[PDB]
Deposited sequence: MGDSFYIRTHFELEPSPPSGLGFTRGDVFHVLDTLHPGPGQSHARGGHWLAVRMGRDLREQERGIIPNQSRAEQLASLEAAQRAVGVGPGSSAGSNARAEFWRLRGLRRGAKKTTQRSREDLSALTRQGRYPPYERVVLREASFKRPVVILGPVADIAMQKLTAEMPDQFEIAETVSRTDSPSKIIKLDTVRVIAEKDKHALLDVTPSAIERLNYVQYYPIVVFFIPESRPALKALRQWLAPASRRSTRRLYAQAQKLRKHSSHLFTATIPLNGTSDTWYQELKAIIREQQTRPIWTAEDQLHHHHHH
């Protein structure tokens, strides 16, 4: 047989063929102890190898449960996901949340809702709740999110699959200029924000669905932004088969 599978328990790599996985990873199982291939955010096949069959998989999961006595295990329970979940690709039947990362999340989010109140609303955070995002997607709008990598992994896990856009700053000066021009009254460290972007790029790259170079003070990055949201909104995402 052949199909796509999503894994809901942890497994360590194993020499030479055995593949390791984490809650949320997806495998194109080529043949059925199963021959499988990992699927990256690219949707392009990556490491080829071996993975446990349904039966061994169920045991390995029961085991990992008993051993209990960004960790996503509470969601696997609250979601009632099985060790293996057969998935297929479909275009989202809802407007996908949009996560803006980088030193202009605030500017980007204000301009979007100001220009298009009917397609965008900022998700209100105090701590972010899924229901907040759900309520906004129900109004048929993109929920705009300013959140951590951890938040992003949770949304990916429950299959809201945000569009994640990271903005790359030229330099601390170049960013201070940009901010002074687009957020004149803003009182926030051009310094804390630049270093934050560096931290995100270093360790969080894997969660980005797009990056966009901040290269001046013109509307270009904002233009590319808008095009990228409308495009990736048509791209097929994983969903339960």
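In sequence order, the gaps in C-alpha coverage of the deposited chain fall at 1 to 2, 35 to 47, 85 to 119, 177 to 184, 300 to 308.
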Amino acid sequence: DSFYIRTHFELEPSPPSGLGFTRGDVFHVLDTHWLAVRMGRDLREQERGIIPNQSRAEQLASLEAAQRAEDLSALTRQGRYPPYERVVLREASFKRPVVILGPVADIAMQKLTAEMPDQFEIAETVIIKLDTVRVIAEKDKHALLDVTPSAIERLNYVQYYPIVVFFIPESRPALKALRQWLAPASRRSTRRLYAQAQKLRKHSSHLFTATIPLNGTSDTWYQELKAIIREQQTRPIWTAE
From here on, numbers count along this sequence of modelled residues.
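Averaged over CA atoms, B-factors in the entry run higher in 70 to 78 than in the other of 157 to 165 and 70 to 78. Here the stretch with the larger average CA B-factor, out of 41 to 49 and 58 to 66, is 41 to 49. Of the candidates 114, 108, 122, 126, the PDB record gives 126 the highest C-alpha temperature factor.
Of the candidates 26, 210, 207, 174, the one whose C-alpha carries the top B factor in the deposited record is 174.
Per-chain ranking of the deposited C-alpha B factor places residue 118 in the highest third. Per-chain ranking of the deposited C-alpha B factor places residue 233 in the lowest third.
In the deposited entry, the Cα temperature factor of residue 138 sits in the middle third of values across the chain's modelled residues.
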